[PDB]
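Naming convention: chains lettered A, B, ... in sequence-line order (proteins, then strands); numbering from 1 in each chain. Heavy atoms only: backbone and side chains are in, while hydrogens, waters and symmetry mates are out.
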2 protein chains.
Amino acid sequence: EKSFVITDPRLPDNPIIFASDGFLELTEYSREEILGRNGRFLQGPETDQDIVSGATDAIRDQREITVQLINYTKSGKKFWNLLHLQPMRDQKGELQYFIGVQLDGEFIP
Amino acid sequence: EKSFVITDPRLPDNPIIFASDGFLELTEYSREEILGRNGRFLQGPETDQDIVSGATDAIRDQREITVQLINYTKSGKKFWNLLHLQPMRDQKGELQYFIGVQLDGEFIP
């Protein structure tokens, strides 16, 4: 299944309001464990903070970006998360949601 | 002039959407330079990260806080910023804006 989430940047700290079954499977968290949280909950000691701070600034500026960073499953297993973030805008062009796709790393070294 | 800003936590990363003339004067930045930025842009090498972390936790949790931390004017001059951050709620009690007041540090030693 594709792993993706939908966040609402019109709510405080841009929480996840929808998580695909692929995301549950990739992360090992349940839907109850995920919803209402900011995506950074997957991050941990080895995550690159310069990439994180860079993504924060890009997201504030409503840019579409791709980043690759270390995340952790619920049980503490590290994985490379190739994460594509895209604003979704309403009919008038105003930001409504962000879509985050956790892309497969199979052909990514 | 009193120095303050209004941020919008219903836009990603709580950007500054209004800056008082006193804030322009305190920081040396222009209105154009400031709007759309997160307040953290004033921070720099000597800012205390434990205080930053503390503020960030309170803000994400929609709480009122007062902090004191080192900031930098546009030209690189350090000043102590005694910063009071307050949620502003709508008629129903839902978070609408944050007000951040940069209080005068004259009688704060």
Next on the checklist: Looking at A/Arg10 and A/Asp8, is there a salt bridge between them, counting it only when a charged N and a carboxylate O are closer than 4.0 Å?
Outcome noted: yes
Checklist entry - How about B/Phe98 and B/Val5: do any of their side-chain heavy atoms sit closer than 4.5 Å? => result no
Next on the checklist: I'd like to know if B/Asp13 and B/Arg37 make a salt bridge, using a cut-off of under 4.0 Å between side-chain N and carboxylate O.
Outcome noted: no
Checklist entry - How far apart are the closest heavy atoms of B/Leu95 and B/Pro87, and which atoms are they? => result CD1-CB, 3.6 Å
Item to check | Side-chain heavy-atom pair B/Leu82, B/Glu106 within 4.5 angstrom cut-off | outcome: no
Checklist entry - Does B/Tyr29 have any ring-ring contact (aromatic ring centres under 6.0 Å, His included) partners at least two apart in sequence or in another chain, and if so, which? => result B/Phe41
Item to check | Any donor-acceptor N or O pair under 3.5 Å, side chains B/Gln102, B/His84 | outcome: no
Next on the checklist: List the residues meeting side chain to side chain donor-acceptor pair (under 3.5 Å) with B/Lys2, not counting sequence neighbours, and say none if there are none.
Outcome noted: none
Next on the checklist: I'd like to check A/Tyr97 versus A/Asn14 (side-chain heavy atoms, cut-off strictly below 4.5 Å). Are they in contact?
Outcome noted: no
Next on the checklist: Under the criterion side-chain contact (heavy atoms from CB on, under 4.5 Å), I'd like the reasoning laid out for B/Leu85 against B/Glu64: C-alpha separation, chi angles, the key distance, then a yes or no.
Outcome noted: CA-CA 6 Å; B/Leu85 300 181; B/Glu64 174 165 14; over 6 Å; no
Checklist outcome for this item: Hits for ring-ring contact (aromatic ring centres under 6.0 Å, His included) against B/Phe4, two or more places apart or cross-chain, chain-then-number order -> B/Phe18
Next on the checklist: Does this structure show an ion pair linking A/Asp61 with A/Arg63, if we count only N-O contacts that are shorter than 4.0 Å?
Outcome noted: no
Item to check | Side chains of B/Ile70 and B/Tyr72 in contact at under 4.5 Å (non-hydrogen atoms) | outcome: yes
Checklist entry - Where do B/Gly36 and B/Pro15 come nearest, in terms of heavy atoms and distance? => result O-CB, 3.6 Å
Item to check | salt bridge (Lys or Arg N to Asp or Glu O under 4.0 Å) between B/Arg89 and B/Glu94, worked out | outcome: CA-CA 5 Å; B/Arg89 294 174 198 287; B/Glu94 292 150 8; over 6 Å; no
Checklist entry - Does A/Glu28 pair with A/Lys77 as a salt bridge, N-O distance under 4.0 Å? => result no
Checklist entry - Considering only heavy atoms from C-beta outward, does the side chain of A/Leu83 approach that of A/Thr66 to under 4.5 Å? => result no
Checklist entry - Heavy atoms, side chains only, cut-off 4.5 Å: are B/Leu35 and B/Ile17 in contact? => result no
Next on the checklist: Any heavy-atom pair between the side chains of B/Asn38 and A/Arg60 that's under 4.5 Å?
Outcome noted: yes
Checklist entry - If you count the non-hydrogen atoms of other residues, nucleotides and ligands that lie under 6.0 Å from CE in B/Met88, is the total more than 12? => result no
